[PDB]
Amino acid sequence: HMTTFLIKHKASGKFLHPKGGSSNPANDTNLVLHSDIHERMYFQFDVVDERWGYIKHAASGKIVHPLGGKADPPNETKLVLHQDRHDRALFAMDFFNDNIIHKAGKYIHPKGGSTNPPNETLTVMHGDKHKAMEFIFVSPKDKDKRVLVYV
């Protein structure tokens, strides 16, 4: 069993989407911020090892990858969806500090770091911590109710 949830950008109220909102995004489709809510921006978290797991797009089964699948992606590495499952797509959903951390230690950011980015803004990896990289994980039926993604 896996709780279905929305990944909500705390500062803007926007959500993580595959660019274009497809039920089956092509491999390497970018992960962007968008204000819309619908079935094709639902996500699930597939726990792999304690805190580490795959951030899975619910509609397609593709998971979030740093583009290129490198072990230690540099700052500004774009985030995309890809079907492959391996250790470089491992993230942890820190619901206490409200962020999404990659196994190599960087966080998911809006590209450019705005607290209030436009729709379709890309998301990237970056080592910095500030309030524009905060995310909470909420019920698809109530965007203000936090849900436990680890069950």
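Residue indices: 1-based, along the sequence shown.
- Averaged over Cα atoms, the B-factor as recorded in the entry is higher for 123-131 than for the other of 123-131 and 9-17.
- If you average the C-alpha B-factors over 113-121 and over 65-73, the higher value belongs to 65-73.
- When the Cα B-factors of 46, 98, 50, 87 are read from the PDB record, 87 comes out highest.
- Sorting the modelled residues of the chain by their CA temperature factor places residue 82 in the highest third.
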